[PDB]
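Below is one structure; the comments refer to it alone.
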Amino acid sequence: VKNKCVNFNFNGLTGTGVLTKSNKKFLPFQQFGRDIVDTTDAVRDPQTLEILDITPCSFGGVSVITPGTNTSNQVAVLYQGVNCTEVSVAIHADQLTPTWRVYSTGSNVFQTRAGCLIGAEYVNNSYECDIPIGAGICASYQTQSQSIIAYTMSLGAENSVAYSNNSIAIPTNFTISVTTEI
Amino acid sequence: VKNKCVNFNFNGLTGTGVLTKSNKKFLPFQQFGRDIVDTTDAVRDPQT
Amino acid sequence: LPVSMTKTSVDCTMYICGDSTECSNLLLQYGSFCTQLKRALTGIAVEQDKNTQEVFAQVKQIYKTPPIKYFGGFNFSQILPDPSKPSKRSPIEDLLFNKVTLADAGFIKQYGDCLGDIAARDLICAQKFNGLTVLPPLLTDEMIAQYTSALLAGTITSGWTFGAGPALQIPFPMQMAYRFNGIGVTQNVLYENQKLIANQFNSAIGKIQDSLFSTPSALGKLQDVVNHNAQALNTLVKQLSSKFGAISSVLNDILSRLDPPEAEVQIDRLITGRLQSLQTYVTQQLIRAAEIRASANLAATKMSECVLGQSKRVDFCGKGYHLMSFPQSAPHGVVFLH
Amino acid sequence: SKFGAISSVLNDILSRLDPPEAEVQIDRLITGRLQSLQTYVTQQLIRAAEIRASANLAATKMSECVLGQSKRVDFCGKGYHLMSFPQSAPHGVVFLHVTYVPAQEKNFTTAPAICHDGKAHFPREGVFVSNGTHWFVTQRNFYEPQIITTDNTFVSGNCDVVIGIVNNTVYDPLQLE
Amino acid sequence: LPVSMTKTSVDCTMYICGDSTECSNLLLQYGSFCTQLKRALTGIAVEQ
Amino acid sequence: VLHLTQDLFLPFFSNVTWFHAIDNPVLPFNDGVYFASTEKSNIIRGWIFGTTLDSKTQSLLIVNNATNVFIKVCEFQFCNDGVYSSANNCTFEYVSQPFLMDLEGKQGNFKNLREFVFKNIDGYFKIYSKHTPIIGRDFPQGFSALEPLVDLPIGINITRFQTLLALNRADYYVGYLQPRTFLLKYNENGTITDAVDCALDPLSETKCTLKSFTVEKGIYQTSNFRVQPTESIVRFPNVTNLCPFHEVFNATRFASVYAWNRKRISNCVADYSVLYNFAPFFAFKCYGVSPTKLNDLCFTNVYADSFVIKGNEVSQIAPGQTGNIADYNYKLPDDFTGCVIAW
Ligand SMILES: *[C@@H]1O[C@H](CO)[C@@H](O[C@@H]2O[C@H](CO)[C@@H](O)[C@H](O)[C@@H]2O)[C@H](O)[C@H]1NC(C)=O
Ligand SMILES: *[C@@H]1O[C@H](CO)[C@@H](O[C@@H]2O[C@H](CO)[C@@H](O)[C@H](O)[C@@H]2O)[C@H](O)[C@H]1NC(C)=O
Ligand SMILES: *[C@@H]1O[C@H](CO)[C@@H](O[C@@H]2O[C@H](CO)[C@@H](O)[C@H](O)[C@@H]2O)[C@H](O)[C@H]1NC(C)=O
Ligand SMILES: *[C@@H]1O[C@H](CO)[C@@H](O[C@@H]2O[C@H](CO)[C@@H](O)[C@H](O)[C@@H]2O)[C@H](O)[C@H]1NC(C)=O
Ligand SMILES: *[C@@H]1O[C@H](CO)[C@@H](O[C@@H]2O[C@H](CO)[C@@H](O)[C@H](O)[C@@H]2O)[C@H](O)[C@H]1NC(C)=O
Ligand SMILES: *[C@@H]1O[C@H](CO)[C@@H](O)[C@H](O)[C@H]1NC(C)=O
Ligand SMILES: *[C@@H]1O[C@H](CO)[C@@H](O)[C@H](O)[C@H]1NC(C)=O
Ligand SMILES: *[C@@H]1O[C@H](CO)[C@@H](O)[C@H](O)[C@H]1NC(C)=O
Ligand SMILES: *[C@@H]1O[C@H](CO)[C@@H](O)[C@H](O)[C@H]1NC(C)=O
Ligand SMILES: *[C@@H]1O[C@H](CO)[C@@H](O)[C@H](O)[C@H]1NC(C)=O
Ligand SMILES: *[C@@H]1O[C@H](CO)[C@@H](O)[C@H](O)[C@H]1NC(C)=O
Ligand SMILES: *[C@@H]1O[C@H](CO)[C@@H](O)[C@H](O)[C@H]1NC(C)=O
Ligand SMILES: *[C@@H]1O[C@H](CO)[C@@H](O)[C@H](O)[C@H]1NC(C)=O
Ligand SMILES: *[C@@H]1O[C@H](CO)[C@@H](O)[C@H](O)[C@H]1NC(C)=O
Ligand SMILES: *[C@@H]1O[C@H](CO)[C@@H](O)[C@H](O)[C@H]1NC(C)=O
């Protein structure tokens, strides 16, 4: 059973993950496979004499972005560092360790460079960051009537200077502003 | 003896401290009690 | 100057107990000796975010450079972003990106090709095997170039004004005359030797690129930070291959070979060893983060002083009487051009 | 936390077990508790070092922005720095930076120098600014136009190297008297 | 203002297991725990 | 205080089956069951517990009456309706204050709702209850705590659950508890004013991770997500190397006991199915291993001593025995780690 997470007990070695075809150049005497850091990577099939790699299961980390509970109860889920078509089929086949199942309406899918956001939708506008998601994406609570949106950073208001050969802007007035440093 | 540091052995539970009247609300099924960080704090008198 | 490092967000539960219910139960006796580690690592990640934001997000409005580039003979195409490059990056930043090879980029979603690695799985897949993951940075390495471009545009078309109030335009010749005036030389010298000084600037900007190209490692500080993080991570992963004084090094082997109440001693030994290794790694990460935060504060002060104005303090903005500086983005760092 | 022993409370374990078998469990408790204390003290040391760095920065900010005026940009508040008043805070300090920020600005015109009679004139302080018809001098962060006299400018040149030089007449209060 | 501290070059085997082969062997079972210490001490000397 | 505890609870917004009454199916018991019942005065007396509900395994009966209770852990035969017919192997009769408390404000509108929870971890039957005339429509929505009433060490096996009725001349709210981590909000008077599950909602996971009822705006890293393995493969080398067991049990001249032929079995895989299919055994007693546990243990060397002998001599052949065979022909050492096979 290849290309599927499965517990394997190859000739006494036990582990978890996904195995598939490989293009090693295994020497005939070789039986195991490893890497620089001494982790079992490739296993030769004892009953087929083919080469299969061993993969992690689904590694990532779930992060929840939420507004203040006194404001709203809607929440959105972040699946860090995973192509979330993988979790989409994982949610469908219901082999995910997380038991809380947040809705998937098709519009709440987000292939972020930093993982996948679920429970939020794109807004191609640009607003100042409220909650940092990562990979230049920020979520915030906004009125449509209220939901959780995800959008790219706006580094600031777009401004263009008027540099010229003989142009000077000289302030005719001034202001006094009192800020605070803590 | 209240208001006096004493070695107590209430119901096999050993320790040292001062016993005094408290205004807590122990349920009849409650026996030992505790505080925030897991230390035996208010032990109701088994007799009185 | 480095500004930040990669953000690691290890999970003790699995890093120590690979998908073992009994091992997780045994670890549960050690109290909150995990929430502390996770809190420390997330604090380090947030600290790195604030360091990069403090270093680069110094100006609110993102200025753009005028379409025509003739700043009195000063040639700025080597530091100005190149529209031909799809990443909108300057040629110098191109070399800075090319000369640094990251072992772990993080923004890879590498799951799906560890099975397809064909050859021996690399450091990243190996880390993904034993409870190690890297959180990609908030500020994408592209928008950092945009902030750098905005800062560069502010300091060559508006002088040092945009860091104080509204960005007021000023041509580069009299901006040059003023930076001269702040040192002790009258503007007549610049207005008499403008062609000579422009040729000097062009020659220097030509030579700096070749100096960065031909050197074996002049970016040795950023390479050093990356190598330190990678080496610490690799040692931390390798530590799971030590028996720590028990029968074997594999939890699923010990569990499946010995009975619970006798394998309890060995699994306790493994817990005490692996968790101590994780603690040491977290402490070293804390020290490195403190040093990098100090360097980032120094870099922020350097930016706001040298780039955003003329610094009277000697040797701070390069050796000699300082005139200006240009910022340039780098992987996990910044490069200044005094 | 039991730390892998019979119980997490010493005053019970000492009376529930005799010494020659209880010393092992109490040693487990000692090692766990002291490892936790080592973690706590290391974290406290790191926090104290960071607080010391912040305190040194705050002390420099005090002695610079309060006991004098800072020419450093973006150190004592955003913009040009004028003054600063300190305020005490719980386990910290709070500053009140008073900063000079310019205001409404207008394009006028500029020229690197003025050539009155074969000689290039440069402003002693400020730039040469033009309404559009009459050239003027002014300060840098405030518009205060002034008549171009021999006092505002110093003359040095030959009117053939300054690119963008602009023709106008300068004045002096000595020919008149 | 201090500028540097005394440079130290402590050694794993010589400090922990003075000339004991069995002790060194059982230290080898601890993995590369202490190579980190040697590298860190080299580092502190270098920064001094 | 906002104490967090992990113990077998009923999940929040879980699914509860609601029954009527006008025949009493035997609902399975596993990991406890939450029980609730609303009534005007009374239509329910008690419950019965255990497995197979007959006079073969110990059972339970907790019927109440007007003034006391009738808790008993006995081996009742059957009722099919004077509620038991057997008290032979029966003990531990428990009597206390009646569970059912009924109060009315001079009207039947104050229909009392009663929530009962039962569990059997390490024996020690725990009964939790709280009686109050709630709004009376159905299971309420406002939070209510449960106060344990009795905690008694049954120490028996329970698999199936059943309820008893009354006589006469809208209840049965049944839910199954699951092992989950919970956090409970304690009033300054000590009562539970609120509780949040930690396996239901992302917001619940966040509130649980920080053990607080108010979460400020921001991101919170709560746990790790895993694709659990769907199937489990076991694959071992293709080696078969069948042992000469075939030639030791297909022989035609099994030597006599006085000269017992001893075969050294080496360099083979000891599969015991070829042993199971070859002889309809009559004495397959083992001493150091289990007849069932033989294919999962690995051995250094195997000796197969084969000899045909009489019937009673089969029972004679055993460690620590005596007789004309056990003394002069073949003596089994008292510390023998192996098996004998007689057919
Ligand atoms: C410079 O800017 C000041 C405010 O930023 C101006 O002061 C204002 O004056 C108006 C009336 O002229 C008031 O109504 C207002 O409350 C404020 O005090 C100031 O006039 C301005 N100066 C110039 C020369 O433009
Ligand atoms: C500013 O400096 C640039 C250096 O990157 C000049 O680009 C050059 O273009 C020539 C071809 O015209 C190339 O052969 C050379 O390698 C370099 O890329 C650019 O012309 C120059 N512009 C001005 C106005 O001085
Ligand atoms: C050039 O600068 C002059 C300042 O001296 C402005 O002239 C003013 O014009 C009024 C009448 O038009 C005079 O009464 C006044 O004394 C002053 O000289 C002039 O507006 C300005 N030109 C432009 C185009 O801004
Ligand atoms: C400023 O005024 C000068 C005369 O006072 C001008 O010099 C003239 O230059 C022309 C050639 O451009 C000569 O033919 C003439 O003899 C005289 O030298 C000068 O050009 C002028 N400059 C500007 C910018 O107006
Ligand atoms: C805890 O229990 C106390 C003892 O009854 C309560 O105090 C009482 O409060 C009532 C009003 O509710 C007063 O009338 C009475 O005199 C006494 O002070 C207290 O309220 C209660 N706290 C709770 C339930 O949160
Ligand atoms: C494994 O054994 C079976 C049984 O005869 C045989 O059909 C198969 O070809 C063998 N495969 C290998 C790789 O030895
Ligand atoms: C991850 O991204 C998409 C979505 O799954 C798909 O192309 C593939 O699974 C992965 N691609 C790469 C380049 O890793
Ligand atoms: C609007 O958003 C969509 C994605 O939902 C994007 O493809 C499109 O380019 C956006 N339009 C603009 C003008 O940004
Ligand atoms: C400035 O002058 C140069 C030549 O003198 C010309 O090429 C350029 O276009 C001018 N730019 C502006 C903004 O006037
Ligand atoms: C003895 O214990 C019983 C138990 O309730 C009770 O009578 C009382 O607590 C004790 N009697 C005394 C102290 O005289
Ligand atoms: C200077 O002129 C340019 C030309 O368009 C204009 O955009 C800019 O706003 C002007 N600056 C001022 C009025 O301060
Ligand atoms: C309870 O049962 C109904 C009908 O069988 C079902 O639709 C519902 O999902 C169940 N409840 C839960 C929480 O699954
Ligand atoms: C109720 O049950 C108790 C249990 O001991 C019993 O003594 C009593 O006779 C029963 N009947 C009444 C009316 O109390
Ligand atoms: C008591 O239990 C034994 C063992 O299960 C059983 O054989 C016997 O019949 C029981 N006594 C009865 C049912 O009276
Ligand atoms: C001997 O082997 C044959 C061939 O498999 C089988 O049919 C027969 O039952 C065996 N007899 C004994 C006594 O093992």
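All chain D residue numbers match Swiss-Prot; in order, they span 968-1144.
The backbone N, Cα and C atoms fix where each Cβ goes, and this holds for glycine too.
Under 8 Å, Cβ to Cβ, and six or more positions away along its own chain, D:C1032 (disulfide bond) finds D:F1042, D:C1043, D:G1044, D:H1048, D:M1050, D:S1051, D:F1062, D:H1064. DSSP assigns D:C1032 (disulfide bond) to a helix. Taken from Swiss-Prot, the feature disulfide bond applies to D:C1032-D:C1043 (among others), supported by experimental evidence.
Annotation note: D:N1074 (N-linked glycosylation site) sits in a strand segment as assigned by DSSP. If you look up Swiss-Prot, you'll see D:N1074 (among others) marked as N-linked glycosylation site, on the strength of experimental evidence.
Following the DSSP three-state reduction, the secondary structure of D:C1082 (disulfide bond) is strand. Look at Swiss-Prot and you will find D:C1082-D:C1126 (among others) tagged as disulfide bond.
Sequence annotations record features per position, and here Swiss-Prot assigns N-linked glycosylation site to D:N1098 (among others) based on experimental evidence. Of all Cβ atoms in the protein chains displayed, 11 besides its own lie within 10 Å of the Cβ of D:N1098 (N-linked glycosylation site). In three-state terms derived from DSSP, D:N1098 (N-linked glycosylation site) belongs to neither a helical nor a strand segment and is classed as coil.
Sequence-distant contacts (6 or more apart, same chain, Cβ under 8 Å) of D:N1134 (N-linked glycosylation site) comprise D:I1081, D:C1082. DSSP assigns D:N1134 (N-linked glycosylation site) to a strand in the three-state reduction. According to Swiss-Prot, the feature N-linked glycosylation site maps to D:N1134 (among others), an assignment based on experimental evidence.
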Is any of the recorded positions D:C1032, D:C1082, D:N1098, D:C1126, D:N1134 near chain A, in the sense of a CB under 8 A from one of its CBs, and if so which?
none
With the Cβ atom as the reference point and anything under 6 Å counting, tell me which of the recorded positions (D:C1032, D:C1043, D:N1074, D:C1082, D:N1098) are near ligand 3.
D:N1098
Between D:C1126 (disulfide bond) and D:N1098 (N-linked glycosylation site), what C-alpha distance do you get in Å?
23
If you count other C-beta atoms within 10 angstroms, which of the disulfide-bonded residues D:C1043, D:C1126 is the most crowded?
D:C1043
Rounded distance in angstrom between the Cα atoms of D:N1098 (N-linked glycosylation site) and D:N1074 (N-linked glycosylation site):
9
Per DSSP, to which secondary structure element type does D:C1043 (disulfide bond) belong, with helix, strand and coil as the options?
coil
Which recorded positions out of D:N1074, D:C1082, D:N1134 lie by ligand 7, going by a Cβ under 6 Å?
none
Ranked by the number of other Cβ atoms within 10 Å of their own Cβ, which of the recorded positions D:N1074, D:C1082 ranks first?
D:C1082
Recorded positions among D:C1043, D:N1074, D:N1098, D:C1126 whose Cβ lies under 8 Å from any chain E Cβ:
none
